[PDB]
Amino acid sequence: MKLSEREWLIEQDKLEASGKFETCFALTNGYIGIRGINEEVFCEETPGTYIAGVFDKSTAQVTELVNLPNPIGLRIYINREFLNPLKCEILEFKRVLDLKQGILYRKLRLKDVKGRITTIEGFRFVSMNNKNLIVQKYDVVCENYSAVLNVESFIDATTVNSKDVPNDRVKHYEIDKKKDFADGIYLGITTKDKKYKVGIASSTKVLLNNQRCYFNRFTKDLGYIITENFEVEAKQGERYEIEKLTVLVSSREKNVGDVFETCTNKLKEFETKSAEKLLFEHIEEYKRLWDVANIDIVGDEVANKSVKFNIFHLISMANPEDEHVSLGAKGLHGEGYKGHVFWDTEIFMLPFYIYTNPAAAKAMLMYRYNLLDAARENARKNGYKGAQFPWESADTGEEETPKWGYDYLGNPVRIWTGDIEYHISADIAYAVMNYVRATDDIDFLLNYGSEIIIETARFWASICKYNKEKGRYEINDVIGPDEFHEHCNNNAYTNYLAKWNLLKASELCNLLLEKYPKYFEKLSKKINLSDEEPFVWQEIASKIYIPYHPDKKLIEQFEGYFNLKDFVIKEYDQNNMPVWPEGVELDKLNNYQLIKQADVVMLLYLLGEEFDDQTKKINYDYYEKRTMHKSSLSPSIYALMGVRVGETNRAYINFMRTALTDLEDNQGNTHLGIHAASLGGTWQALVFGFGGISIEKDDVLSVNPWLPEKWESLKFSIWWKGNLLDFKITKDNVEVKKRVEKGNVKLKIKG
């Protein structure tokens, strides 16, 4: 294994427990996620072991992605004394995430209190090609001594969720079985709700010039921990190779009756291959993914590197073979928001996959399709019609948002997002349109897509309420993208998005009636669709209260917003993030005009075609002045609309905010997991902002870049109606190369 080059490396400086690097160094393959802890598992680290879709409620407030037993532990002992890296003199330290090869690397040269010197060097990864597999390989040298080493692999089943919060700790599994099967050790568990079973088998061994060299292997069952141990008569200066493979299998996979037999079998297979061979296969997969998703920026090193980071995690975490899971707000990298799926996924993350690797995006939309029944059921129980998707979603598709939590002052506060942040249903509809238009995946549109757009439209129809006074439908008592303001009327974003969803749906019925009548009838039997309905949605859409006002040009975020006390940002913190104006009480945010994130501006981005350059700029200017960027969702939208109204400084400032979200820990809480929307925002800003990509009405791809001065060039690729397109953007012109063909496609350049 040779480390990649440096533009490709992210480096931790000090050897220590780190919440931030636990997150930034999390590895995942879309099924398994492993937090970036050190191998020895220091007292203070917070391990994370997840498997997509395995959730549990038990005694907790809401269901949660389960922190499983931690399987990666590895410790060294010299004559039965544990070589503790934290109790040594660190002569050399290197620790980097290699983004090109998708591995985590560590080299250590240590000097213990008895003056012995040992180097430990190697890496781990979570196979991109083999979804159940995790691979570790470390090399040990005793530099100036001989001894008996014990190499201790272990699986630790004391892990819990919410480790550091005494009120919220829960253990979400129980152990079913522990076993030394000679070839490895096994531990398997069942969730407390009894819905999933997971099995973990693992085999370590120790070589010297490729031949097994341990004189003794023993095993220990200490109740909640099982260990596999290898004793070596180690000779000064020799190179001992440690190789540990581990397999996770869950009840979520197919024809897995006995997780114990499935694991052992699987491991037996993977063990016919070396760690190098498995790494090579791993890397081919990363090649294949980067070959399309990589994005070179010339002339800004900190940005090129940063963006690579964002993109890495994006390509690591989606698994297109899985149509029953999607991406939670923090990936598979942490327990923030507990693995729940938000609009984050459909609106911020999904575009990367649509243009980058559209199969992934298809699977993520399958996740929502498969939970239509739960969205219907959710609407029924609130008194509505259609599919009302929940604000937070897990495995079952029921609403999973907490009824309460802690505000910015650490006090209890009611949470109403799960009750009245309705826009989620439109955003999903929107994302179905958005996937389809880029892919021309008509089959998807016919069998799945249109049901979704139609069933959400039925819901918006149900909640729109008519007002004779102003002679317009309203949607009242709501929360829009700006979570700071609760129980409002006619949130602009909400109404346009509702309008949009009602319209697309009537238009879709027409398309299908005329151009696809067998499919329209398949569908009509299925969801009782009558061709009188669409007229209803049109009637409603045409009267939904949009507020302008014709001149003045300024979109009120919601009725009454302008009557609210006004504040002026001024003052930024060391990460260039807004600081609370003075006199703002953090639990009275309802009273002020400061906003948490893009809301009206969010509207301008997604419904670009409805607002002219001037309305965009007027509203962009009014709201940026007033955005606190208290979600990681925010900067990217302001970077992208920045460029689009031609304010390229505001833009680059805001871009550097989304790109550095976790690497500089902008928001103060990277330790809870990767900020996954922010990753996709970062990508969106590059491609649809600075790269000047956009979509003209009749589905013509336009390009219309606007590099920040500072960047000599920008290449990225994307997939457009089946065509894989490489753009290179210089300050002057734009190159274009169709690397894969499917029909002739219309492109429309600068200028």
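All residue numbers are counted from 1 along the displayed sequence.
Higher average CA B factor: 558-566, of the stretches 371-379 and 558-566.
Comparing 579-587 with 126-134, the stretch with the higher mean C-alpha B-factor in the PDB entry is 579-587. Remark: of 531, 399, 451, 156, 531 shows the highest value [criterion: C-alpha B-factor in the PDB entry].
Note on the listed residues 252, 169, 177, 543: the highest Cα temperature factor in the record is that of 543. Ranked within its chain, residue 13 lands in the highest third, by CA B factor from the PDB record.
In the PDB entry, residue 420 places in the lowest third of its chain by CA B-factor.
Ranked by Cα temperature factor within the chain, residue 47 sits in the lowest third according to the deposited record. Looking at the C-alpha B-factors along this chain, the one for residue 696 belongs to the highest third. In the deposited entry, the Cα temperature factor of residue 284 places it in the highest third of its chain's modelled residues.
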